[PDB]
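A single chain comes next, written as C-alpha cells; it is the form deposited without ligand ATP.
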C-alpha cells in the first residue's frame, strides 16, 4: 500500500500524514513514511532546496531543471521506497511525483493537458520507473490560509516557490485537474478537518 499525500505549500500535509499513520496503526496496519525532497539524504534534493533560496546561479530559473533534480532525488530513492513497501503494510509519502507535475505546470502557466505534466509522467514513471502510488491524496486548502502558514511558519525564510502567491494558486488548480482525471492513478481529495479513521478505512 503506497500512499502519496499532495498539496500546496502550507497545506498542512505533515499533520495529515501523522494523523493518517495513527489511524492505520490503530487498524492494525504497520506504517512507514518518507518525505520528498529527501533533504540531507540526497545532494540533488539539497542543491534543489538551496537553489530555491537563490543559490546556484540560474538553476532555479529553469522549470525543467528543477523538476529534473526532484525526479533524480526520487530516482535515488527507488530502493528505499521498495524496501519500505516490504517492511510495512502502508507506505505514506509526503509529496511525490504529482508535486512535480503540479508545480512544473503551474510555473509554466500550463494546465494538466500541458507538456510539462506529460513530460513528468514519461520521465518519472515510464523512464525512471518510480513506483506508481495506489492512492494520491490531495489535501485541498484555502490559498490564503496556506499562504499565511508559509509567511508565519517562517517570519517566526520562504523560498522562491513559497513567496509566489500566484504560483501556489495555479499549483492548487493543476492539482485539482490531476485528481479529477486520475493522473498517475486513483486520487482522493480531502480537507483539513477530514476524519483520519474513515480516511484510513476508505484508503484501505
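Residue numbers count along the first chain shown, from 1.
Omitted here: the form solved in complex with ligand ATP. The next part is about that form.
Heavy atoms of every residue among 33, 41 and 84 are located within 4.5 Å of ligand ATP in the deposited bound form. Not displayed here, ligand ATP is kept clear of residue 111 by more than 4.5 Å at the level of heavy atoms in the deposited bound form.
Along 62-95, residues 79, 80, 84 each place a heavy atom within 4.5 Å of ligand ATP in the deposited bound form.
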